[PDB]
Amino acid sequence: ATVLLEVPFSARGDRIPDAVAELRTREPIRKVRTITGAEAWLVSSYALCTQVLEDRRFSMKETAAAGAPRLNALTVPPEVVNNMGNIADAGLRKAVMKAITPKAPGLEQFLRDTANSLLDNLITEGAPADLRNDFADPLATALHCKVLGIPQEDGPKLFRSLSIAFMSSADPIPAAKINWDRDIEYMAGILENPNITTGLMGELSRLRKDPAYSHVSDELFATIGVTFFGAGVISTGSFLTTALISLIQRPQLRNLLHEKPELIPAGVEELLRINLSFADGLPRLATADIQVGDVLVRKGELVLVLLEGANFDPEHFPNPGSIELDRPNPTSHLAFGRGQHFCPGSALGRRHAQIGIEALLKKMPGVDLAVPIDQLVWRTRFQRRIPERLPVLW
């Protein structure tokens, strides 16, 4: 006798398990058990993944309902699971999205200068260099401090909440609440700080005193700062780190992008497609009885949308494990989700990775792992797949 198949399959972000293609071929919607002990439907084909993500009756908000089957424990207050919905209901969606575009004046040059400075420091210290802790994550932290309008010196402390905030735990995490409440108090102080006049927190600080938003709670204003810092920094930092591994493991692509840097955007789109940075399927709770493939999902059941199920589906992306720079459908991957909850920072995330890779290939054209790839230590029970350190030489 065997127990029900458990998720996640592997914390390794450098290879996709063979199980994924087996599930996709044989039962693209399949029952599994999550780390909390709950049962869930794991969806692993492009067609069914997109169906679930495009049907709002599969609700993100309702995953926070008391007594629901859970992928993992909440690390935020339950209302914050509806964060973007709360922002939209507050009339703040356009302002938030405008503040996080990479097209802001001097934002791309700041990104380039910051990446170049980080890399110069690594070259001065000499190999080996840790491309996660001393490049990708500081670059992500600096970018989001600039985008939020908060002092660069405040970034490191805010960043150090994230190894706990984005845990994927069977049980509530006391440290998550300590850090959450402290980070909220910080952002509430930012809103009352007269020096904070640029970026997202500068714009929120002004809207807060605007009569058209007098009804919006101070709770939400602070929450936007904490959540956009946290989600943006952990997602861009983790993607860039694991994208650098994918690139280092493909020296022919690395040499090509070094020689023809105009291909970097198409390369990053492929690196997004094959990226394993999301450690769990995207969770949704059915609010009605809904047919998904051969399964009638019942109201109240948990559904998990496995992004690498969709992104490695050969019926949508032929030769899916291969990086092809001339695909007919290159942005049709689900690395940023799909539908109601499509990532609002997708443009910023792309530019972070493009500029990071562009600077790295210019400064370190011969970059390569300094340890055998199996020696990378993959973080467990976390919402992202990342190596704890990424040691390279050049």
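Heads up: residue numbers just count along the shown sequence, starting at 1.
Student: Averaged over C-alpha atoms, is the B-factor higher for 376-384 or for 12-20 in this PDB entry?
Tutor: Higher mean C-alpha B-factor in the PDB entry: 12-20.
Student: Which is higher in the entry, the mean Cα B factor of 96-104 or that of 127-135?
Tutor: Looking at the recorded C-alpha B-factors, 96-104 comes out higher on average.
Student: Which of these, 177, 284, 316, 258, has its C-alpha atom at the highest B-factor, as the entry lists it?
Tutor: Result of the comparison over 177, 284, 316, 258: 258.
Student: Per the entry, which of 32, 359, 334, 64 tops the list for Cα B factor?
Tutor: Top of the list by C-alpha B-factor: 359.
Student: For residue 149, does the deposited CA B-factor place it in the lowest, middle or highest third of the chain?
Tutor: It falls in the middle third of the chain.
Student: Sort the modelled residues of this chain by their C-alpha B factor and say whether residue 68 lands in the lowest, middle or highest third.
Tutor: Its C-alpha B-factor belongs to the lowest third of this chain's values.
Student: Quick one: classify residue 308 as lowest, middle or highest third of the chain based on its Cα B-factor.
Tutor: Within its chain, residue 308 is a lowest-third residue by C-alpha B-factor, going by the deposited values.
Student: Lowest, middle or highest third: where is residue 267 by C-alpha B factor in its chain?
Tutor: As the PDB entry reports it, the C-alpha B-factor of residue 267 lands in the highest third of its chain.
Student: Quick check for you: using the entry's CA B-factors within this chain, is residue 393 in the lowest, middle or highest third?
Tutor: Middle third by C-alpha B-factor.
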